[PDB]
Amino acid sequence: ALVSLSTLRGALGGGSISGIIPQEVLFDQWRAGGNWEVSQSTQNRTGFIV
Amino acid sequence: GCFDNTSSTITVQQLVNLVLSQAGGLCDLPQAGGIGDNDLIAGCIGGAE
Amino acid sequence: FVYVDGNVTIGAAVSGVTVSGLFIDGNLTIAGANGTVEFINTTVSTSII
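Criteria and thresholds
- Residue numbers count from 1 along every chain, following the sequence as written rather than necessarily the entry numbering; any residue without coordinates is not displayed.
- Lettering for chains starts from A, numbering for ligands starts from 1, and both go in the order in which the items are written.
- These chains belong to a larger assembly; all numbers given describe just the chains displayed.
- The side-chain numbers reported here are obtained from all heavy atoms of the structure, hydrogens and water having been left aside.
- A pair of strands is considered paired only if DSSP assigns at least 2 bridges between the two.
- Numbered from the N terminus, helices here are DSSP runs of H or I no shorter than four residues, and strands are runs of E no shorter than two.
- A contact between two residues is defined here by any heavy atoms of the two lying within 4.5 Å.
- By buried area we mean the combined loss of accessible area, with a 1.4 Å probe, across both parts when two parts are placed together.
- Whenever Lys or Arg places a side-chain nitrogen within 4 Å of a carboxyl oxygen from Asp or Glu, that contact is recorded as a salt bridge.
- Under the rule applied, a polar contact is a pair of N or O atoms within 3.5 Å (in protein, one hydrogen donor and one hydrogen acceptor; residues adjacent in sequence only if both atoms are side-chain atoms).
- In the scheme used here, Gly and all other residues not listed as nonpolar or charged are polar, with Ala, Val, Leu, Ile, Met, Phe, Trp, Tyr, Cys and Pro taken as nonpolar and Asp, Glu, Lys and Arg as charged.

(A) Region of interest: the sheet that holds strand β1 (residues 3-4) of chain C. Taken together, three strands build an open sheet; the order of strands is β1-β3-β5 (chain C) and the sheet is parallel. Looking at which strands have only one partner, the edges of the open sheet turn out to be β1 and β5 (39-44) of chain C.

(B) A look at the interface of chain A and chain B. Across the contact, six residues belong to chain A and eight residues belong to chain B. Counting the surface lost from both chain A and chain B, the interface buries some 590 Å², and carbon and sulfur atoms represent 68% of this. The tally of links between chain A and chain B comes to zero salt bridges. In this assembly, chain A and chain B are joined by three residue pairs in polar contact. Its residues placed into classes, the side of chain A that touches chain B shows four nonpolar, two polar and no charged.

The values reported here are purely geometric and, on their own, carry no functional implication.
This is the structure:
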């Protein structure tokens, strides 16, 4: 069989139109004063939104 | 054979070439629709089909 | 001077041919050839194909 669908219009869901899903919340606390920072874990995680 | 409405002979070399030269090609293959990684795509891997 | 009344064809998978000094009074078909050809000082009364 011959095919041209498998070209840039291949079986994928259409290019790579993907933005980090607005996933659940993780942390929200506000701080004044000197510079402040927090950390999270990559375990079972592949993305974040800041 | 009956070449040119004439009873004559040809070299096997010629007959072989004629058959292969008319052996067709991939161009005449049909154009299909659905596809998946389940199916396979022809190609040359390390010098072999 | 030389005159030819007919058509000349390069058969399938032919190679190494060489021609010169002929007046071909007909077509000159080239199909299924494998290259390595050379024509010189020739005339054709019709269309090469």
